[PDB]
Amino acid sequence: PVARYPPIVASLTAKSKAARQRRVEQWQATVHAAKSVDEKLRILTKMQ
Amino acid sequence: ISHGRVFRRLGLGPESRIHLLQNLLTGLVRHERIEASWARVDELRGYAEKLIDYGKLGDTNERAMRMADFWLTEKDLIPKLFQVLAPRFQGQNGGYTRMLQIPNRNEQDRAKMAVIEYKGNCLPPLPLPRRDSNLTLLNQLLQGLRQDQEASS
Amino acid sequence: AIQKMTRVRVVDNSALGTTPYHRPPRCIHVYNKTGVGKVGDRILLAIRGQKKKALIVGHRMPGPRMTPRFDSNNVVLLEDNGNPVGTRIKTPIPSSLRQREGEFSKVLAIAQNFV
Amino acid sequence: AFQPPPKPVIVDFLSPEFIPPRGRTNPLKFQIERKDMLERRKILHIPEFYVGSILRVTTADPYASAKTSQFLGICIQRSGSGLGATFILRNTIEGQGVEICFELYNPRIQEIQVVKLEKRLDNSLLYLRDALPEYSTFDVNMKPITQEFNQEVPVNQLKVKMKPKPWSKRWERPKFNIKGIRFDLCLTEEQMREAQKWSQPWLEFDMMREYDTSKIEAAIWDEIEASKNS
Amino acid sequence: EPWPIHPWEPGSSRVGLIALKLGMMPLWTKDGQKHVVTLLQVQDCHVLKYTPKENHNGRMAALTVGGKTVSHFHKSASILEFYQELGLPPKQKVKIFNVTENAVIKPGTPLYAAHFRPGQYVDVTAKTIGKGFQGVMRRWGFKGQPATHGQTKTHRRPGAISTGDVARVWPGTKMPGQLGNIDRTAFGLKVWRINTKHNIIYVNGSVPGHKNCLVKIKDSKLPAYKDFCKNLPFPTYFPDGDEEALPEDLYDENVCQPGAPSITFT
Ligand SMILES: [Mg+2]
Ligand SMILES: [Mg+2]
Ligand SMILES: [Mg+2]
Ligand SMILES: [Mg+2]
Ligand SMILES: [Mg+2]
Ligand SMILES: [Mg+2]
Ligand SMILES: [Mg+2]
Ligand SMILES: [Mg+2]
């Protein structure tokens, strides 16, 4: 009875800069969902 | 032996063909008129005709909604599909798309290319092949035949 | 479809078909000119290290319409004179075997259930 | 010889064979076959039954003691188009499962009686061969069960146990789409993940392999009504 | 203006028809057996031209029969002129039937599926389903090599084709090539049912050629049924000659009709 529309967010596996930004937001959300500060620091600094 | 076959082989397989057709359909929905290979456009014509019929089923139809979600990769086109193309295609039964063969691409491949266009779009009309006017010699002779037939009854 | 090297199941109550053995009863040769046997064809078996004759009762391959199909290749032991060695048959038997009564008279005389 | 007074009353489908195939066969053949099958149905009463229902079929057997042969079993599947439609009945008799494929319009059939009109979770339950014998055992002398029309043919949601591997077919593959098999007790998580590699999600949204038969069914229903009024 | 009708003779032959292959159906017999019939629909059968016996063969005359109607816009000028002089629209398939001189029919005569009566043997000629340039295993049925016992690029090769001393291959050697797109004739096909309203013939057995294709039907030339045409209408079936409408469906003496008492054995 009510129209249900999917979100207008960009794709996740695409090559576009919007997709790259979505992946960046995904890993930042993973950092947010991390519980301990040690895990947060490990995720934030695991890239070299 | 390819007797009784309606789907042609494209891409790297069935799933690759489905993805290519989905991308072409998304582009066609977004731009209201696209040009591609003649075989690809001919294959996409059926899916384009089916998509309009699915959209005409209503916005609240869950099957149509999920079909649009699968096909239209750009989710901003689904509201466009359900609120522009479907409303403007109501009395039309199957005349939703127009396909015309264009000259070969200037690239060295020299591929056979076609152009597909949704009717009633906000784009300049294509150079459609128009029939000869009734003022021609043969057309006027046929008009005379028609007048004689009408007068005979 | 029963052919050579087929492990079948003996139905009639006989010593060979009841006493366990370390090798299942395999087919030896199909007396039909075709290497594939059907219901009602004399066949040769190697049961418990000795040769014997048998009659095909049912097979797992689909056949003609309205023809019963079984879940096991059931066979009944038969002697060289055409008389079954078993006492009675418990499992159901297709009714098409009663079409030819001359060669299967004593074989069908011991059958209880017909399907 | 007293009169016994019971119930006071105090309270206030198109058969699958009629569907033509997806081929480009001329409609005249379909019309002729439908006319012939309606003529056959005028004499032989073919009741409504789905896959999973239990039926009893009487056949003309010349080599039996009596010319009538009775076979009762559950309908494994129905397949075919037009006059050649067939249905498979399965029943375990004395531990030996027997499957017979009867033809709907065969003249040798005397009577088809539905003793239990009941749907199941699968459109084609070919897995009863690999299932336990309890699900294939049915009493031959069971009595017919009559149900109200408002029940709308209730579907029996029954999870069926399975014999250990191997099976007759790979029922865990997505191509079968079976929900009536209790897979959580017969298969492991690794096997379930492995079976998913044959899944083809694009076939559900292909939009072109589907078969639309609304107008065909309407025309067939109109012809059936005309034949009945005839 | 009908041509004179000559009496049937034992050494006479009848003309055939050109029908369309609709499909296949089951048909049960009164003895409990089940046969498969093929539906051949006679849409437009017309005699186009007549060729004299001396000018065609010197033994038997030739009658030309046309198939179903086709469009004028895709036929040649000579064919269109011939059909304009004949007075009929162009046909798709044009065939020639060898008939005796006493069974000749005037050109322009239409023909109906009632030409064959229930219970008769006919020969069917048609182009079979063309499978194209197929391999030798599918064409001649040659067995292939073992699949995985070390064979290298040979699983479907024909293998040896000739002998060393001959230094050549014989013309009769079986090799891969075109398969299917050739005219074949099936003999001795029994007919069970004749539907008059739709002009449909039910022929027992398989019919060479795909569905919705033209099929040339004639009587059986086999010696077992050489003189079966005595009871049949000798010239052809004239719906106006009898002045009586035939029943909708004519069945054979053994065909279990759709309206049946559900026969049971005794
Ligand atoms: Mg030994
Ligand atoms: Mg198997
Ligand atoms: Mg071909
Ligand atoms: Mg091989
Ligand atoms: Mg090697
Ligand atoms: Mg190899
Ligand atoms: Mg090598
Ligand atoms: Mg030489």
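Student: Could you clarify how one ought to interpret the overall build of chain A in this entry?
Tutor: Assigned secondary structure in chain A consists of 2 helices and 0 strands. If you line up chain A on its principal axes, its C-alpha atoms span 50 × 30 × 10 Å. In chain A, buried positions account for 8% of the 48 residues. Carbon and sulfur atoms make up 58% of the accessible area of chain A, which totals about 4,500 Å².

Student: Explain the interface of chain D and chain E to me, please; I cannot follow it from the model alone.
Tutor: Often the size quoted for an interface is simply the accessible area lost on bringing the parts together. Contacts between the two partners involve 25 residues from chain D, matched on the other side by 27 residues from chain E. Of the roughly 2,200 Å² buried where chain D meets chain E, counting both sides, 60% is carbon and sulfur surface. A per-residue breakdown of the area chain D buries against chain E is headed by D:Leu28, D:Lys29 and D:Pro107, which together make up 24% of the total. One salt bridge in this structure joins D:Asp36 and E:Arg193, with 2.5 Å as the shortest N-O distance. Linking chain D with chain E are 8 residue pairs in polar contact, by the criterion used here. Contributions of two or more residues to the side of chain D that touches chain E are made by α1 (27-43) and β5 (109-116) of chain D. At 9 residues, α1(D) tops the list of elements feeding residues into the side of chain D that touches chain E. When the residues that make up the side of chain D that touches chain E are grouped by side-chain class, the tally is 9 nonpolar, 5 polar and 11 charged.

Student: Just checking my understanding: could you explain the sheet that holds strand β3 (residues 45-51) of chain E for this structure?
Tutor: Strand pairing in a sheet relies on backbone hydrogen bonds, with the paired strands running either antiparallel or parallel. Residue and element names in this part refer to chain E. Pairing is antiparallel across the open sheet formed by 4 strands, whose spatial order is β5-β4-β3-β6. Strands with a single pairing partner mark the edges of an open sheet, and in this sheet they are β5 (94-99) and β6 (110-111). Here 4 bridges tie β3 to strand β4 (residues 61-66), and the two strands are oriented antiparallel to one another. The residue of β4 that forms the bridge with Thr 51 is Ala 62.

Student: Hey, could you run me through the UniProt feature "binding site: Mg(2+) 1" (unreviewed entry) in chain E in this one?
Tutor: With numbering matched to this structure, UniProt assigns "binding site: Mg(2+) 1" (unreviewed entry) to E:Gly130. Relative to the assigned elements, E:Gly130 resides in the loop between β7 (120-127) and β8 (132-134). Setting aside chain neighbours within four positions, we find E:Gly130 in contact with B:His3, E:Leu179, E:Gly180 and E:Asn181.

Student: It is not clear to me how the arrangement of the chains should be interpreted in this structure. Could you clarify?
Tutor: With 6 pairs of chains in contact, the largest contact count belongs to chains D and E. Where chain A comes nearest to chain E, the C-alpha atoms are still 41 Å apart, and the two do not contact one another.

Student: Would you explain the coordination of the magnesium ion (ligand 3) in this entry?
Tutor: Ideal geometry at a metal centre: 109.5 degrees between donors when four sit tetrahedrally, and 90 or 180 degrees when six sit octahedrally. Within the protein, B:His3 (NE2) and E:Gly130 (O) serve as the donor atoms for the magnesium ion (ligand 3), at 2.1 to 2.3 Å. Of this pair, B:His3 sits in the segment before α1 (14-31) while E:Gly130 is found in the loop between β7 and β8, placing the two residues in two different chains. Residue classification places B:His3 among the partly exposed residues on the basis of a relative accessible area of 45%.

Student: Just checking my understanding: could you explain the side chain of C:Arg98 for this structure?
Tutor: Its location among the elements puts C:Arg98 in the loop between β6 (74-78) and α2 (105-109). For C:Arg98, a relative accessible area of 15% corresponds to the buried category. There is a polar contact of 3.1 Å between the side chain of C:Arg98 and the backbone oxygen of D:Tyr63. Ignoring anything within four residues of it in the chain, the contact list for C:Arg98 reads C:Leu108, C:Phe114, D:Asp61, D:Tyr63, D:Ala64 and D:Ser65.

Student: What's the story with the interface of chain D and chain C in this structure? I'm lost.
Tutor: Contacts between chain D and chain C engage 21 residues on the former and 18 residues on the latter. Carbon and sulfur atoms supply 53% of the area that chain D and chain C bury against each other, a total of about 1,600 Å² over both sides. Summed over the three residues of chain D that lose the most area to chain C, namely D:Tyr63, D:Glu94 and D:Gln96, the buried surface amounts to 40% of that side. Here chain D is connected to chain C by 3 salt bridges. Linking C:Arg98 and D:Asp61 is a salt bridge whose minimum nitrogen-to-oxygen distance equals 3.5 Å.

Student: Whenever I open this one, a nonpolar patch on the surface confuses me. Can you help?
Tutor: All names here are of chain B. Judged by side-chain polarity, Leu 138, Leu 142 and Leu 145 come together as a nonpolar surface patch covering roughly 310 Å² of accessible area. Among the secondary structure elements, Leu 138 is positioned in helix α5 (residues 137-151). With relative accessibility at 59%, the residue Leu 138 sits in the exposed group.

Student: How do you make sense of the packing of aromatic side chains when you look at a structure like this?
Tutor: Centre-to-centre distance and the angle between the planes together describe a pair of aromatic rings. Here the structure, examined in full by the defined rule, presents 15 aromatic pairs over all chains. Ring centres 5.7 Å apart and planes at 65 degrees place the aromatic pair D:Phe49 and D:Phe87 in the edge-to-face group. Here D:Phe49 is found in the loop between α1 and β1 (54-60), whereas its partner D:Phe87 is found in strand β3 (residues 86-93), with 38 residues between them in sequence. Judged by centre distance (3.7 Å) and plane angle (10 degrees), the rings of E:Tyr121 and E:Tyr225 are stacked. Taken together, the positions of E:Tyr121 in strand β7 and E:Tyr225 in the loop between β12 (214-219) and α4 (239-242) put the pair 104 residues apart, joining distant regions of the chain. Note on E:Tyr121: relative accessible area 22%, which makes it partly exposed. Exposure remark for E:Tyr225: the relative accessible area of 29% places this residue in the partly exposed category. Put simply, the rings of B:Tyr47, B:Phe70, B:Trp71 and D:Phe205 touch in pairs and so form one group of aromatic residues.

Student: Explanation requested: the sheet that holds strand β5 (residues 69-70) of chain C in the structure shown.
Tutor: As summarised here, the arrangement of the 6 strands in space is β5(C)-β4(D)-β3(D)-β2(D)-β1(D)-β5(D), forming an open sheet in which the pairing is antiparallel. For this open sheet the edge positions go to β5 of chain C together with β5 of chain D, each flanked by a neighbour on one side alone. The pairing of β1(D) with β5(D) spans 6 bridges and is classified as antiparallel. Paired with D:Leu55 across the bridge in β5(D) is D:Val114.

Student: When you look at the environment of A:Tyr5 in this model, what are you seeing that I'm missing?
Tutor: Relative to the assigned elements, A:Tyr5 resides in the segment before α1 (17-33). Note: C-alpha distance between A:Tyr5 and A:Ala29 (24 residues apart in sequence) is 23 Å. Setting aside residues no more than four positions away along its own chain, A:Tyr5 makes contact with B:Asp59, B:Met65, B:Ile78, B:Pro79, B:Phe82 and B:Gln83. Looking at A:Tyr5, its side chain comes within polar contact range of the side chain of B:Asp59, at 2.3 Å.

Cut-offs used in this document
- Residues numbered from 1 in each chain as written, not as in the entry; some residues may be left out.
- Chains lettered and ligands numbered in written order.
- Part of a larger assembly, values for the part shown.
- Heavy atoms only, no water.
- Residues with missing side-chain atoms left out of burial classes, pairs and counts.
- Helix = DSSP H or I, 4+ residues; strand = E, 2+ residues; numbered from the N terminus.
- Buried < 20%, exposed > 50% of the residue type's maximum accessible area, 1.4 Å probe, protein only.
- Areas by Shrake-Rupley, 256 points an atom, 1.4 Å probe, with all protein chains shown as cover.
- Contact = heavy atoms within 4.5 Å.
- Buried area = accessible area lost by both parts, 1.4 Å probe.
- Salt bridge = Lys/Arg side-chain N within 4 Å of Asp/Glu carboxyl O.
- Polar contact = N/O pair within 3.5 Å; in protein donor to acceptor, adjacent residues only side chain to side chain.
- Nonpolar A, V, L, I, M, F, W, Y, C, P; charged D, E, K, R; others polar.
- Pairing = 2+ DSSP bridges.
- UniProt positions renumbered as here; feature names shortened; annotations may be inferred.
- Donors = N, O, S within 2.8 Å, 3.2 Å for Na, K, Ca; no water.
- Patch = residues over 30% accessible without salt bridge, like charges linked within 9 Å, V, L, I, M, F, W, Y side chains within 5 Å.
- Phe/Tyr/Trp six-rings, centres within 6.5 Å; stacked < 30°, edge-to-face > 60°.

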